[PDB]
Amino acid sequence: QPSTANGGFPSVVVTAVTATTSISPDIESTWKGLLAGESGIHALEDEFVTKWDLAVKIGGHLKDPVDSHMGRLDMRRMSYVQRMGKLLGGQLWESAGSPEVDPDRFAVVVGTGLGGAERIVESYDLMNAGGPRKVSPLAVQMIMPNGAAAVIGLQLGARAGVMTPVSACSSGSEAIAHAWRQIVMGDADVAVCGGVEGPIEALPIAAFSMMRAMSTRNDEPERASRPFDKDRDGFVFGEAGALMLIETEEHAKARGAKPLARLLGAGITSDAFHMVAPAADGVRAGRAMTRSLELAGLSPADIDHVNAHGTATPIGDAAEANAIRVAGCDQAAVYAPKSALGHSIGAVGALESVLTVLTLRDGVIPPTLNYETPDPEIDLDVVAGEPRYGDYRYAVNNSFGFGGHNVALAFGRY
C-alpha cells in the first residue's frame, strides 16, 4: 500500500508562499501581525452598508487593494479574481527565485468560490444598452471561473495541467490537494496551487447573513469572530488570496531551493447531509483527516497541531470538534486563524495552508483571538492569549465548506 512515509509516493515539499490579507499584502508581515495578536477585522466604512442598513457592518478588506496594483489594461482585460491571481502569481514566482522549470512538468491548480461574476452582470448591461456587438470579445475569458488559474498558467507557462476545483470554503485546500495528486501520480514535478476570492460586497453579505451564518457584533469588530468560544455569533468576512509553490524534493534540491515544509497527504470526503450545514457527528469530516494520515503514513498520535476550519458558527465549530475527536487528534494544539483573518471562502483554505506551513517552520502557533469562555461542549486544546512555542512535527489543516466538502491536508516539518 503506497504512502509518503514508505516511499510509495515521492516526497513533495513547499518552497515558496505568497498571500494578500486584511492584515498585510506580505505573508511574512501577516505572520508577524498574527503573532502580535493583530486583527484584520474592522468596521466597514463602505457606503453600501449605510445604503441597505445591513445586519452586519464588520469585515476585513485587504490591507493593500488588488486594483492599486492594476493599470487600465488589466482593469478591462481581466475580472477581479484574475487580477488577484496575476498579482499573486507574479509575487510567488519572484519569491521563489524566478526558476526556469520544464513547462511540460509544471502544473497550476487554483480554486475559487465563484469566479468572475461581476463581469456577467456587466455584459448583461452592456448589451441591454448597445446591443450584442457591444460585448467585448474578451468577455468569455473573463467570465469563465477557470479564468484565474488560466491567466496564472499562461503567465508562468504551466503546460502539465491548469485546473480549477470549486467547493466553496474548501476550494483553496482542494486545489492544493489535487496539485499534490498531479505530482505523486507522475504528471508533474512542480505546481503552483492555492485559492483566490472576490471582495466583500452587499450581495454576499445579504446572502450569507440570511442563513443566520454571520456574526452581528458590530460594536467590537475585532471581537466578533470567536471560534470555539461560548459567545459564538457566526463568521466574519475577511478578504484573502494565497498561493504556494510545491515540488518534488528531488526537484527542489537540484535547483538549490530551501523547503519550508513537507506536503505529506490529502483526504477528500463529503457529508451528503445538507446543502449548507455540516453533519453534527463529524464522521465524514474526520475521515478526511484520517485519509490524509493514511496517505502520509501517520497516526493520530503524531499530529501535534490542527489548523481548524473554525468559522465560529455555532453548529460549525461543534461539528468540527466532533470531527477532530472522531479522527483521534483531540490532543493536538488547535489554531483557528479565522479569529483574526476572517473567512475568505474560496481562498481561505489556501491561506490557512500557508499559515500551517509557517507554524511548522517557526515552531509557533499564533493565539486564537477572542477565545475567552470555552464552550463546555467543545473540549479542545486551543492556543490562546499569546503565541505557543512548541515542537510541532506534523500538522493537519482542515477545510469543511458549504455543501459538505471536506478537505484535510497533512503537513510535516522539513
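Throughout, rigid core stands for the largest set of C-alpha atoms superposing within 1.5 Å between the two forms. Numbers follow the displayed sequence, beginning with 1.
- Root mean square Cα distance to the shown form, taken over structures and residues in 4 other deposited structures of this protein after a core fit, is higher for 132 to 140 when 132 to 140 and 225 to 233 are compared.
- Rigid core fits of the other structures in 4 other deposited structures of this protein place the C-alpha atoms of one stretch farther away on average; of 188 to 196 and 203 to 211, that stretch is 203 to 211.
- For the pair 93 to 101 and 127 to 135, the mean B factor over Cα atoms is greater in 127 to 135.
- Looking at mean Cα B-factors across 188 to 196 and 211 to 219, the upper value is held by 211 to 219.
- Each of 374, 346, 40, 363 has a CA temperature factor in the record; the biggest one is found at 374.
- Ranking 11, 397, 18, 24 by Cα temperature factor from the entry places 11 first.
- Sort the chain's modelled residues by C-alpha temperature factor and residue 370 lands in the middle third, per the entry.
- Annotation for residue 408: C-alpha temperature factor in the lowest third relative to the rest of the modelled chain, per the entry.
- Among all modelled residues in its chain, residue 156 ranks in the lowest third by Cα B-factor.
- In the PDB entry, a CA B factor belonging to the highest third of its chain's modelled residues is recorded for residue 228.
- Residue-level temperature factors show residue 284 in the middle third of its chain, judged at the C-alpha atom.
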